[PDB]
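Step one of this worksheet: look at the structure below.
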Amino acid sequence: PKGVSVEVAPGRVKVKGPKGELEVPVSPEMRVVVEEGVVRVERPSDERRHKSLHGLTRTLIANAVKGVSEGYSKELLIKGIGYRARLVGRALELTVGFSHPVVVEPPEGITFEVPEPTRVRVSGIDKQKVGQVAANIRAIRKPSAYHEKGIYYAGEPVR
Amino acid sequence: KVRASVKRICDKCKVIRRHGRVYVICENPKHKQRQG
Amino acid sequence: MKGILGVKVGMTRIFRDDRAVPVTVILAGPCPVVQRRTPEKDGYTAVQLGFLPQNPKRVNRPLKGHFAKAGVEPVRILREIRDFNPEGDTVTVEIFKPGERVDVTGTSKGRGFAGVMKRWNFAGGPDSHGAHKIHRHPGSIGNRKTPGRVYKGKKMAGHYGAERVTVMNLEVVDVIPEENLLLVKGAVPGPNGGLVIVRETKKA
Amino acid sequence: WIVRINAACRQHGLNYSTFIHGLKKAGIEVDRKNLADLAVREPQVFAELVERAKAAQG
Amino acid sequence: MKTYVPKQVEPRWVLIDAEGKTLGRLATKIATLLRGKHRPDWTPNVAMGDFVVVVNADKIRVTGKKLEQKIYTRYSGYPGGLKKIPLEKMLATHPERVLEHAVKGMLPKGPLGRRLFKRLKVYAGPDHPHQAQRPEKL
RNA sequence: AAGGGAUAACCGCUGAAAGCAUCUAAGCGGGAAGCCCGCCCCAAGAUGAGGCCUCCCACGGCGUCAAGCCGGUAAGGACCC
RNA sequence: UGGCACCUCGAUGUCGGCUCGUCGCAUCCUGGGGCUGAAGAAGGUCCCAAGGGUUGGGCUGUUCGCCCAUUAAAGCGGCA
RNA sequence: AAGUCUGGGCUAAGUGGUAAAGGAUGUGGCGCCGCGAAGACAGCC
């Protein structure tokens, strides 16, 4: 890619980009050093263990790469009557039915968004962390209620 | 849910071996099984 | 960890707001710090106070004037207070304010060779109908061939009382700084004239 | 006898199993495990016997 | 007569540490040293093994999946007095213990067996806080 | 009991083998009146007999020369009350 | 409940109750959880889980049972 | 007491270290059948 600096260590790999750098732990089952205008990744004997590691490798790398050139993503459509969200700091005070409103801290790398009062999204350079913290929010009130209330993914309703 | 002969009760069911155990994942919640 | 040494004097009750509270009076007199335990040479952090001062100079080897405040090592000796490190110059009562919560160690009164059904509150056997030589006995103590022995710890008769006992979380009703006094919410172990130590509690 | 022979000849490279096989082929119906106290008195001469042994062995 | 027999010679000391090694596969040789089974004085009734200091305990390799899976046991003489503690928790606190337990088991069980277990000095290290010799074996 | 750590069924993230999908095969999170520690009590015969503060020190006379020596001491400790 | 007759007939006390407990989980309450023919409340059913709890009387020698009045529950077994 | 001996394979459950009907895309080695420039096996017209 463009402004990407694909560095290498013994058993790790450091990917520098215009948005920052990330750290992927990578098994001794390969020899990849700063190579060409892009990057190639190979593997030894076609046995079940190796096969499964190739492809896994291929993607963590690629995800870190697309992360460092902006990899944000993820959005929650909140439904229900009294149900709605309100930004306070970079933290989030959403209210969803309980006898008490709900406040939420963002750790390192991450910011929450409140475009609507009933829509929300999570920005992130990492990826693992993003999908994690996405679900963490959804948790506070999942859906079901022979239909209606609760806070959904981009995906949608059921019997 | 928990039985000795676990098999596939639909065309949506799926045999995954996780936790070192044998399970089954359908679309409808009623066909979700685990061998024990 | 706030902490004085002291002595049970006795108890009565006072009135408060509009009701009687039962209280037990401690004399936690001035406690001259005589030694500090460092983690650098002792390994742990603590302070050694002293209590009943009075001593007609029978002090020989532990004369240890070695720390300035050696003003006659106390009759009722000296105890450490674990993690407690004050302005090194005696500890009076002022540390505890009314409304504070305290734990209190002490030496329970001594019952001696006590029977089961005091030592342990057993049922014993019937004052009438059948037998007559087992009204106060323990009954059975085992099974038969297996395991063919008695469990370690079995509750049987023996020495009861005269033991270290800490009752937790008592209220400080009052404090007379004047007399080195301390008032707590009744029921503190051992007899009058007994050594006790008084600390902060662990509460909520 | 055997426990200390082993200790001693293991001190020259090989092991007991090997050493005895060697002597067998080497034609020295001798040692007599008893008389491998040579290992302690006169190790000069024990050393010699080990050479003969690994002679027939390698 | 043939009593090959020793006379008391000066006991040797030794330092070792296969910090990177499989225990058991370590502990075996240690013991063989603690008895004089390497030297041809060997005399079964007496104690002329090496004194042995092992630096840098913990660190040891353990094969397969032996964490949570290897469980250690102590019974007090009481009702339900069984304790079960897994390998993980032993390295976590008291790792000097791990290599100790393993050698004990490979030593004979008489009085002389306990005498030799005393000849074995174990420190999670490095730095063996006693210097007066140690012909390091690698 | 607060509280701290690790878990059970179970609920997830990311993820190939198997271009899809999968809680798993490399990794990462939630999760019990239960486990570990925390509260109270005993505890260095823990022959692995621990540590810190302070004290008392002289060979006085004899063997296979430091008691394996008897008889007075020291700091101290008993006896009787 | 039986089958067999191996130690015990120069003796291994035998039903029920009381006293004192301890252990199993195939769990009666209380703690987690998945389905539900789960609107809610209240259930059904299976999974994880003994840490602690598991009432008082009428009848009968009773064990057990039936009945009165309560309970979060009024658990099933082993230890001659 | 005596080989951490030599050479080629399998197994990741501590199986080994003692259990059946019946279940399972666990692995490794053989098969002989579909049909693949009427180039859809997996994915969005």
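To be explicit about the labels: the chains of the structure tokens are called A, B, and onward in the order shown, and within each one the residues are counted from 1, while ligands get numbers from 1 in the order they are shown.
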With only C-alpha atoms (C1' of nucleotides) considered, list every residue of chain B at most 10 Å from chain F, as a PyMOL selection string. chain B and resi 14-20+25
With a distance cut-off of 10 Å and only C-alpha atoms (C1' of nucleotides), select the neighbouring residues of region 99-105 of chain A, excluding the residue or stretch itself and same-chain residues fewer than 4 positions from it, and output the selection as number ranges by chain. A: 85-95, 110-112, 136-137, 140
The selected residues should be written to file as a PDB file, in the first residue's frame (atoms: N, CA, C and O atoms).
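Now in again29.pdb:
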```
ATOM      1  N   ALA A  85     -29.818   7.582  23.500  1.00  0.00           N
ATOM      2  CA  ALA A  85     -28.417   7.781  23.925  1.00  0.00           C
ATOM      3  C   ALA A  85     -27.992   9.257  23.942  1.00  0.00           C
ATOM      4  O   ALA A  85     -28.525  10.070  23.187  1.00  0.00           O
ATOM      5  N   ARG A  86     -27.001   9.574  24.783  1.00  0.00           N
ATOM      6  CA  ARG A  86     -26.508  10.953  24.980  1.00  0.00           C
ATOM      7  C   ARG A  86     -25.007  11.004  25.331  1.00  0.00           C
ATOM      8  O   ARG A  86     -24.606  10.531  26.389  1.00  0.00           O
ATOM      9  N   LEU A  87     -24.193  11.627  24.479  1.00  0.00           N
ATOM     10  CA  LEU A  87     -22.738  11.677  24.701  1.00  0.00           C
ATOM     11  C   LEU A  87     -22.357  12.614  25.868  1.00  0.00           C
ATOM     12  O   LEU A  87     -22.891  13.718  25.984  1.00  0.00           O
ATOM     13  N   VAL A  88     -21.455  12.150  26.738  1.00  0.00           N
ATOM     14  CA  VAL A  88     -20.910  12.960  27.854  1.00  0.00           C
ATOM     15  C   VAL A  88     -19.397  12.690  27.998  1.00  0.00           C
ATOM     16  O   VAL A  88     -18.966  11.661  28.549  1.00  0.00           O
ATOM     17  N   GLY A  89     -18.606  13.648  27.513  1.00  0.00           N
ATOM     18  CA  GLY A  89     -17.175  13.462  27.314  1.00  0.00           C
ATOM     19  C   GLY A  89     -17.013  12.660  26.044  1.00  0.00           C
ATOM     20  O   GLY A  89     -17.764  12.842  25.083  1.00  0.00           O
ATOM     21  N   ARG A  90     -16.035  11.767  26.042  1.00  0.00           N
ATOM     22  CA  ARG A  90     -15.946  10.716  25.024  1.00  0.00           C
ATOM     23  C   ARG A  90     -16.583   9.425  25.572  1.00  0.00           C
ATOM     24  O   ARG A  90     -16.545   8.379  24.923  1.00  0.00           O
ATOM     25  N   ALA A  91     -17.157   9.523  26.777  1.00  0.00           N
ATOM     26  CA  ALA A  91     -17.907   8.444  27.418  1.00  0.00           C
ATOM     27  C   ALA A  91     -19.391   8.585  27.069  1.00  0.00           C
ATOM     28  O   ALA A  91     -19.809   9.631  26.576  1.00  0.00           O
ATOM     29  N   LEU A  92     -20.183   7.546  27.344  1.00  0.00           N
ATOM     30  CA  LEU A  92     -21.574   7.482  26.881  1.00  0.00           C
ATOM     31  C   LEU A  92     -22.617   7.200  27.973  1.00  0.00           C
ATOM     32  O   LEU A  92     -22.607   6.137  28.584  1.00  0.00           O
ATOM     33  N   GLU A  93     -23.529   8.147  28.191  1.00  0.00           N
ATOM     34  CA  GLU A  93     -24.629   7.979  29.149  1.00  0.00           C
ATOM     35  C   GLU A  93     -25.926   7.639  28.403  1.00  0.00           C
ATOM     36  O   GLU A  93     -26.779   8.504  28.164  1.00  0.00           O
ATOM     37  N   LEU A  94     -26.059   6.361  28.050  1.00  0.00           N
ATOM     38  CA  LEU A  94     -27.282   5.832  27.441  1.00  0.00           C
ATOM     39  C   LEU A  94     -28.287   5.366  28.503  1.00  0.00           C
ATOM     40  O   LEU A  94     -27.914   4.884  29.579  1.00  0.00           O
ATOM     41  N   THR A  95     -29.563   5.523  28.177  1.00  0.00           N
ATOM     42  CA  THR A  95     -30.647   5.204  29.088  1.00  0.00           C
ATOM     43  C   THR A  95     -31.586   4.204  28.395  1.00  0.00           C
ATOM     44  O   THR A  95     -32.095   4.488  27.308  1.00  0.00           O
ATOM     45  N   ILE A 110     -10.126   4.223  21.207  1.00  0.00           N
ATOM     46  CA  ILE A 110     -11.563   4.106  20.900  1.00  0.00           C
ATOM     47  C   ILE A 110     -12.425   5.327  21.245  1.00  0.00           C
ATOM     48  O   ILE A 110     -12.296   5.904  22.335  1.00  0.00           O
ATOM     49  N   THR A 111     -13.342   5.670  20.331  1.00  0.00           N
ATOM     50  CA  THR A 111     -14.332   6.726  20.573  1.00  0.00           C
ATOM     51  C   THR A 111     -15.758   6.373  20.145  1.00  0.00           C
ATOM     52  O   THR A 111     -15.991   5.830  19.055  1.00  0.00           O
ATOM     53  N   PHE A 112     -16.709   6.733  21.007  1.00  0.00           N
ATOM     54  CA  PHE A 112     -18.125   6.503  20.750  1.00  0.00           C
ATOM     55  C   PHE A 112     -18.773   7.731  20.088  1.00  0.00           C
ATOM     56  O   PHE A 112     -18.369   8.877  20.326  1.00  0.00           O
ATOM     57  N   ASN A 136     -19.991  -5.355  24.038  1.00  0.00           N
ATOM     58  CA  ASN A 136     -20.066  -4.826  25.421  1.00  0.00           C
ATOM     59  C   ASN A 136     -21.188  -3.796  25.640  1.00  0.00           C
ATOM     60  O   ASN A 136     -21.770  -3.695  26.728  1.00  0.00           O
ATOM     61  N   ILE A 137     -21.479  -3.020  24.607  1.00  0.00           N
ATOM     62  CA  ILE A 137     -22.533  -2.039  24.695  1.00  0.00           C
ATOM     63  C   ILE A 137     -23.855  -2.760  24.522  1.00  0.00           C
ATOM     64  O   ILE A 137     -24.748  -2.645  25.369  1.00  0.00           O
ATOM     65  N   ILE A 140     -25.664  -4.282  27.468  1.00  0.00           N
ATOM     66  CA  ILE A 140     -26.384  -3.583  28.523  1.00  0.00           C
ATOM     67  C   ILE A 140     -27.917  -3.852  28.462  1.00  0.00           C
ATOM     68  O   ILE A 140     -28.609  -3.926  29.500  1.00  0.00           O
TER      69      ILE A 140
END
```
Who sits within 12 Å of residue 15 (chain G), only C-alpha atoms (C1' of nucleotides), same chain under 3 positions skipped, as a PyMOL selection string: chain G and resi 61-63
Mind giving me the straight-line distance from CA of residue 68 (chain E) to CA of residue 83 (chain E) in Å, one decimal?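 Computed distance, CA of residue 68 (chain E) to CA of residue 83 (chain E), equals 14.2 Å.
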Considering only strand (DSSP E or B) as DSSP defines it on the backbone, what residues of region 77-131 of chain E qualify? List them as a PyMOL selection string. chain E and resi 82-86+120-122
Excluding region 24-27 of chain H and its own-chain neighbours fewer than 2 positions away, which residues fall within 12 Å of it when counting only C-alpha atoms (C1' of nucleotides)? Please give them as a PyMOL selection string. (chain A and resi 47-49) or (chain B and resi 4-8+14-18+20-24+34-35) or (chain F and resi 17-18+22+25) or (chain H and resi 10-13+22+29)
For chain A against chain F, which residues fall within 9 Å using only C-alpha atoms (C1' of nucleotides), given as a tab-separated table (two decimals) with N, CA and C atoms, in the first residue's frame?
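Ended up saving to out.tsv:
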```
chain	number	residue	atom	x	y	z
A	25	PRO	N	1.38	-10.74	17.10
A	25	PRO	CA	2.29	-11.85	17.45
A	25	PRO	C	2.22	-12.99	16.43
A	26	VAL	N	3.35	-13.35	15.84
A	26	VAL	CA	3.35	-14.23	14.68
A	26	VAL	C	4.33	-15.37	14.86
A	27	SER	N	3.85	-16.57	14.56
A	27	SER	CA	4.53	-17.81	14.95
A	27	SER	C	5.83	-18.01	14.17
A	48	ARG	N	-1.87	-30.45	8.35
A	48	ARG	CA	-3.06	-29.79	8.90
A	48	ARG	C	-2.73	-28.58	9.78
A	49	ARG	N	-1.72	-28.70	10.64
A	49	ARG	CA	-1.38	-27.62	11.57
A	49	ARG	C	-0.96	-26.36	10.81
A	50	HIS	N	-0.06	-26.50	9.83
A	50	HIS	CA	0.47	-25.35	9.08
A	50	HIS	C	-0.60	-24.64	8.28
A	51	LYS	N	-1.29	-25.42	7.44
A	51	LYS	CA	-2.44	-24.94	6.67
A	51	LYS	C	-3.28	-23.93	7.43
A	52	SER	N	-3.75	-24.34	8.62
A	52	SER	CA	-4.61	-23.53	9.50
A	52	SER	C	-3.97	-22.21	9.97
A	53	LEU	N	-2.65	-22.21	10.11
A	53	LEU	CA	-1.91	-21.01	10.50
A	53	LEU	C	-1.73	-20.03	9.33
A	54	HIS	N	-1.43	-20.55	8.14
A	54	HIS	CA	-1.49	-19.74	6.92
A	54	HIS	C	-2.97	-19.39	6.76
A	55	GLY	N	-3.28	-18.23	6.20
A	55	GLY	CA	-4.67	-17.77	6.21
A	55	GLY	C	-5.00	-17.00	7.48
A	56	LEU	N	-4.77	-17.60	8.65
A	56	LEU	CA	-4.90	-16.87	9.92
A	56	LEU	C	-3.91	-15.71	9.92
A	57	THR	N	-2.64	-16.03	9.72
A	57	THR	CA	-1.59	-15.04	9.52
A	57	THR	C	-1.99	-13.96	8.51
A	59	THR	N	-4.50	-12.79	7.40
A	59	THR	CA	-5.59	-11.86	7.72
A	59	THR	C	-5.28	-10.91	8.87
A	60	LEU	N	-4.62	-11.39	9.92
A	60	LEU	CA	-4.28	-10.51	11.04
A	60	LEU	C	-3.42	-9.38	10.54
A	127	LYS	N	-9.04	-3.59	16.08
A	127	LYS	CA	-10.13	-4.36	15.40
A	127	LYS	C	-10.76	-5.33	16.39
A	128	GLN	N	-9.94	-6.24	16.90
A	128	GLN	CA	-10.30	-7.07	18.05
A	128	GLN	C	-11.07	-6.22	19.06
A	129	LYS	N	-10.43	-5.16	19.56
A	129	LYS	CA	-11.02	-4.25	20.55
A	129	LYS	C	-12.35	-3.65	20.12
A	130	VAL	N	-12.47	-3.30	18.84
A	130	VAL	CA	-13.68	-2.65	18.36
A	130	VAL	C	-14.87	-3.60	18.49
A	131	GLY	N	-14.78	-4.76	17.82
A	131	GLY	CA	-15.83	-5.78	17.88
A	131	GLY	C	-16.17	-6.20	19.30
A	132	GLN	N	-15.13	-6.26	20.14
A	132	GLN	CA	-15.29	-6.50	21.58
A	132	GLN	C	-16.22	-5.47	22.16
A	133	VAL	N	-15.76	-4.23	22.16
A	133	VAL	CA	-16.47	-3.15	22.84
A	133	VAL	C	-17.82	-2.83	22.21
A	135	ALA	N	-19.96	-5.28	21.22
A	135	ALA	CA	-20.81	-6.24	21.91
A	135	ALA	C	-21.05	-5.80	23.37
A	136	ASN	N	-19.99	-5.36	24.04
A	136	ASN	CA	-20.07	-4.83	25.42
A	136	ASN	C	-21.19	-3.80	25.64
```
If you measure from CA of residue 136 (chain E) to CA of residue 25 (chain E), what distance in Å do you get, rounded to one decimal?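 Distance reported for this atom pair: 18.4 Å.
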Per DSSP on the backbone, what are the alpha helix (DSSP H) residues of chain A, as JSON, numbers by chain? {"A": [48, 49, 50, 51, 52, 53, 54, 55, 56, 57, 58, 59, 60, 61, 62, 63, 64, 65, 66, 67, 68, 128, 129, 130, 131, 132, 133, 134, 135, 136, 137, 138, 139]}
For chain C, work out the contacting residues on chain E at 7 Å, counting only C-alpha atoms, and write them as a ChimeraX atom specification. /E:77-79
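When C1' of residue 54 (chain F) is paired with CA of residue 64 (chain C), their separation reads 5.4 Å.
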When you look at residue 89 (chain E) with a cut-off of 10 Å (counting only C-alpha atoms (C1' of nucleotides)), what residues show up, excluding the ones that are within fewer than 6 positions of it in the same chain? I need them as a VMD selection string. (chain E and resid 67 to 68 71 to 72 95) or (chain F and resid 36)
Could you take the residues named above and write them with N, CA and C atoms (P, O5', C5', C4', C3', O3' and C1' of nucleotides), as a PDB file, in the first residue's frame?
```pdb
ATOM      1  N   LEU E  67      -0.438 -27.854  33.258  1.00  0.00           N
ATOM      2  CA  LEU E  67      -0.722 -26.724  34.081  1.00  0.00           C
ATOM      3  C   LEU E  67      -2.210 -26.868  34.225  1.00  0.00           C
ATOM      4  N   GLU E  68      -2.679 -26.722  35.451  1.00  0.00           N
ATOM      5  CA  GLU E  68      -4.023 -27.186  35.852  1.00  0.00           C
ATOM      6  C   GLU E  68      -4.181 -28.729  35.844  1.00  0.00           C
ATOM      7  N   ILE E  71      -1.753 -32.045  39.400  1.00  0.00           N
ATOM      8  CA  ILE E  71      -2.216 -31.585  40.696  1.00  0.00           C
ATOM      9  C   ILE E  71      -1.445 -32.222  41.862  1.00  0.00           C
ATOM     10  N   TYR E  72      -1.091 -31.365  42.811  1.00  0.00           N
ATOM     11  CA  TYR E  72      -0.277 -31.682  43.972  1.00  0.00           C
ATOM     12  C   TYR E  72      -1.230 -31.795  45.189  1.00  0.00           C
ATOM     13  N   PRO E  95       8.118 -21.788  43.841  1.00  0.00           N
ATOM     14  CA  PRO E  95       8.647 -22.589  42.755  1.00  0.00           C
ATOM     15  C   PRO E  95       9.928 -23.372  43.109  1.00  0.00           C
TER      16      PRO E  95
ATOM     17  P     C F  36     -10.285 -23.056  48.516  1.00  0.00           P
ATOM     18  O5'   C F  36      -9.222 -21.983  48.030  1.00  0.00           O
ATOM     19  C5'   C F  36      -8.174 -22.349  47.127  1.00  0.00           C
ATOM     20  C4'   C F  36      -7.427 -21.105  46.720  1.00  0.00           C
ATOM     21  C3'   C F  36      -7.188 -20.073  47.815  1.00  0.00           C
ATOM     22  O3'   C F  36      -6.061 -20.400  48.629  1.00  0.00           O
ATOM     23  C1'   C F  36      -8.036 -18.993  45.896  1.00  0.00           C
TER      24        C F  36
END
```
Considering only C-alpha atoms (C1' of nucleotides), return as a list in words whatever protein or nucleic-acid residues lie within 12 Å of residue 43 (chain D), sequence-local ones (same chain, fewer than 6 positions apart) excluded.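 Listed by chain and then number, they are residues 5, 8, 9, 11, 12, 36, 37, 49 and 50 of chain D; 40 of chain E.
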8 Å contacts from chain E to chain D using only C-alpha atoms, as a ChimeraX atom specification: /E:2,4,37-42
So which residues touch residue 67 (chain A) within 10 Å, counting only C-alpha atoms (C1' of nucleotides), skipping near sequence neighbours fewer than 5 positions away, as a PyMOL selection string? chain A and resi 15+17+19-22+61-62+72+124-127
Would you save the residues from that selection as a PDB file, in the first residue's frame, using N, CA and C atoms?
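The result, stored in out_22.pdb:
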```pdb
ATOM      1  N   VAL A  15       3.567  -2.638  12.143  1.00  0.00           N
ATOM      2  CA  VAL A  15       3.066  -2.035  10.918  1.00  0.00           C
ATOM      3  C   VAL A  15       2.822  -0.550  11.168  1.00  0.00           C
ATOM      4  N   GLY A  17       1.805   3.202   9.954  1.00  0.00           N
ATOM      5  CA  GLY A  17       0.969   3.883   8.967  1.00  0.00           C
ATOM      6  C   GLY A  17       0.658   5.309   9.382  1.00  0.00           C
ATOM      7  N   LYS A  19      -2.090   6.533  10.536  1.00  0.00           N
ATOM      8  CA  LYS A  19      -2.971   6.565  11.727  1.00  0.00           C
ATOM      9  C   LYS A  19      -2.317   6.029  13.023  1.00  0.00           C
ATOM     10  N   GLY A  20      -1.132   5.427  12.903  1.00  0.00           N
ATOM     11  CA  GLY A  20      -0.434   4.839  14.050  1.00  0.00           C
ATOM     12  C   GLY A  20       0.043   3.436  13.730  1.00  0.00           C
ATOM     13  N   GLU A  21       0.612   2.761  14.733  1.00  0.00           N
ATOM     14  CA  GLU A  21       1.172   1.401  14.585  1.00  0.00           C
ATOM     15  C   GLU A  21       0.512   0.358  15.512  1.00  0.00           C
ATOM     16  N   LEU A  22       0.532  -0.907  15.082  1.00  0.00           N
ATOM     17  CA  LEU A  22      -0.068  -2.023  15.830  1.00  0.00           C
ATOM     18  C   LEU A  22       0.913  -3.216  15.928  1.00  0.00           C
ATOM     19  N   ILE A  61      -2.414  -9.751   9.760  1.00  0.00           N
ATOM     20  CA  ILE A  61      -1.573  -8.784   9.064  1.00  0.00           C
ATOM     21  C   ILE A  61      -2.434  -7.780   8.271  1.00  0.00           C
ATOM     22  N   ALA A  62      -3.222  -8.296   7.328  1.00  0.00           N
ATOM     23  CA  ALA A  62      -4.101  -7.480   6.482  1.00  0.00           C
ATOM     24  C   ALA A  62      -5.036  -6.577   7.285  1.00  0.00           C
ATOM     25  N   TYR A  72     -12.203   1.942  11.208  1.00  0.00           N
ATOM     26  CA  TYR A  72     -13.151   2.200  12.304  1.00  0.00           C
ATOM     27  C   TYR A  72     -14.362   1.247  12.375  1.00  0.00           C
ATOM     28  N   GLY A 124     -12.414   2.885  15.815  1.00  0.00           N
ATOM     29  CA  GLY A 124     -11.244   2.166  16.312  1.00  0.00           C
ATOM     30  C   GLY A 124     -10.151   1.820  15.315  1.00  0.00           C
ATOM     31  N   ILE A 125      -8.906   2.006  15.742  1.00  0.00           N
ATOM     32  CA  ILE A 125      -7.726   1.745  14.900  1.00  0.00           C
ATOM     33  C   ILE A 125      -7.350   0.258  14.912  1.00  0.00           C
ATOM     34  N   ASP A 126      -7.675  -0.409  16.021  1.00  0.00           N
ATOM     35  CA  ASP A 126      -7.309  -1.810  16.297  1.00  0.00           C
ATOM     36  C   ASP A 126      -8.148  -2.804  15.449  1.00  0.00           C
ATOM     37  N   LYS A 127      -9.043  -3.590  16.076  1.00  0.00           N
ATOM     38  CA  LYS A 127     -10.127  -4.359  15.402  1.00  0.00           C
ATOM     39  C   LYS A 127     -10.758  -5.332  16.389  1.00  0.00           C
TER      40      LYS A 127
END
```
With only C-alpha atoms (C1' of nucleotides) counted and 12 Å as the cut-off, give the residues of chain E in contact with chain H, each with its shortest interatomic distance in Å and the pair that gives it, as CSV.
```
residue,atom,partner,partner_atom,distance
E:24,CA,H:4,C1',11.4
E:25,CA,H:4,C1',8.4
E:26,CA,H:4,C1',11.1
E:28,CA,H:4,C1',10.0
E:29,CA,H:4,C1',10.3
E:63,CA,H:14,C1',10.9
E:64,CA,H:12,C1',7.9
E:65,CA,H:14,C1',9.2
E:66,CA,H:14,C1',9.1
E:69,CA,H:14,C1',8.8
E:70,CA,H:14,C1',9.4
```
Please, which residues of chain D lie no more than 9 Å from chain H when the count uses only C-alpha atoms (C1' of nucleotides), and can they be set out as a PyMOL selection string? chain D and resi 2-3+15-17
Please produce a file of those selected residues containing N, CA, C and O atoms, as a CSV table (one decimal), in the first residue's frame.
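Everything below was put into part_34.csv:
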```csv
chain,number,residue,atom,x,y,z
D,2,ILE,N,29.7,-54.2,39.7
D,2,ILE,CA,29.1,-53.6,38.6
D,2,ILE,C,28.8,-52.1,38.7
D,2,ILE,O,29.0,-51.3,37.8
D,3,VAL,N,28.2,-51.7,39.8
D,3,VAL,CA,27.8,-50.2,40.0
D,3,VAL,C,29.0,-49.3,39.8
D,3,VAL,O,28.8,-48.2,39.3
D,15,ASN,N,29.8,-47.0,28.2
D,15,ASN,CA,29.1,-47.6,29.3
D,15,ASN,C,29.4,-49.0,29.7
D,15,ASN,O,30.2,-49.7,29.0
D,16,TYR,N,28.8,-49.5,30.8
D,16,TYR,CA,29.1,-50.9,31.2
D,16,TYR,C,28.7,-51.9,30.2
D,16,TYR,O,29.5,-52.8,29.8
D,17,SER,N,27.4,-51.8,29.7
D,17,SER,CA,26.9,-52.8,28.6
D,17,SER,C,28.0,-53.0,27.6
D,17,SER,O,28.5,-54.1,27.3
```
